[PDB]
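[1] structural data only, the sequence is not supplied:
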């Protein structure tokens, strides 16, 4: 499994979490650890690296709670990319099914 | 849509095509366009570039076939078939994680 694929899989998971709803880093690590039955356990510094890029590209934004803790939210643009990406990957599944069909 | 994602998708179809059976560049362009009902149009020069990478990594190899004429075909190696299995398994696990994220969510509601 190539390095590019584990990065892509990690990205997909984080963005799906925020689509479930706003959340914070320590909450994101816990939720993921228990949904993989302990298999996937993310590192603080890793999430920070990925969030800097996503916030630079306008995909997510952050704000304060109880104003102590820092929350993250999927932006307007962000929701749009989720839909584009899901659509393209759906069409590919049909194409492959059809390559074998005409076969 | 990121470049790496379209790059990954084209990679994915191409390897699936060879998994259907051996093929050559023009047939690969032909076979895909008719299964996409004309929608998808692959570039020759890209395929030339993309097939070099896969052969460098031991994923595909080629041999000579007779058309009449004489054509060059491409074939998926063992290493290729094993990566196909690995790739499918990992992405199955990712789908499970997503399945459980929404369940534990609905469980907190109650």
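    Looks like it arrived, so ask away. Residues are numbered from 1 along each chain as shown, chains lettered A, B, ... in the order given.
[2] which strand or helix spans the residue sitting nearest the centre point of chain A?
    Nearest to the mean C-alpha position of chain A, by Cα atoms, centre = their mean, lies residue A:15 at 2.2 Å. Assigning secondary structure by DSSP states H and E places residue A:15 in helix A:3-20.
[3] one more: residue A:77?
    Taking DSSP H and E as the definition, one finds residue A:77 inside helix A:76-102.
[4] so does that helix get close to chain B?
    Yes: residues of helix A:76-102 are located near chain B by Cβ under 8 Å from any Cβ of the partner chain, namely A:81, A:84-85, A:88-89, A:91-92, A:95-96, A:98-102. No exception for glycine: its C-beta is placed from N, CA and C like everyone else's.
[5] for the very next helix or strand once past the helix holding residue A:15, packing partners?
    Scanning forward in sequence from helix A:3-20 by DSSP H and E, the next helix or strand is helix A:25-35. Judged by 3 or more Cβ pairs under 8 Å, 6 or more residues apart in numbering or on different chains; DSSP states H and E, the packing partners of helix A:25-35 are helix A:3-20, helix A:44-56, helix B:78-109.
[6] is the second one in proximity to chain B?
    No: using Cβ under 8 Å from any Cβ, we find that helix A:44-56 stays clear of chain B, coming within 11.5 Å at best.
[7] contacts for that helix, please.
    Residues outside helix A:44-56 that contact it (Cβ atoms under 8 Å, 6 or more residues apart in numbering or on different chains): A:10-11, A:14, A:25, A:28-29, A:60-62, A:72.
[8] at 7 Å what do you get?
    Helix A:44-56 is contacted from outside by A:11, A:14, A:25, A:28, A:60-62, A:72, using Cβ atoms under 7 Å, 6 or more residues apart in numbering or on different chains.
[9] hmm, which of those residues are the buried ones?
    A:14, A:25, A:28, A:60, A:72 (16 or more other Cβ atoms under 10 Å in any protein chain shown).
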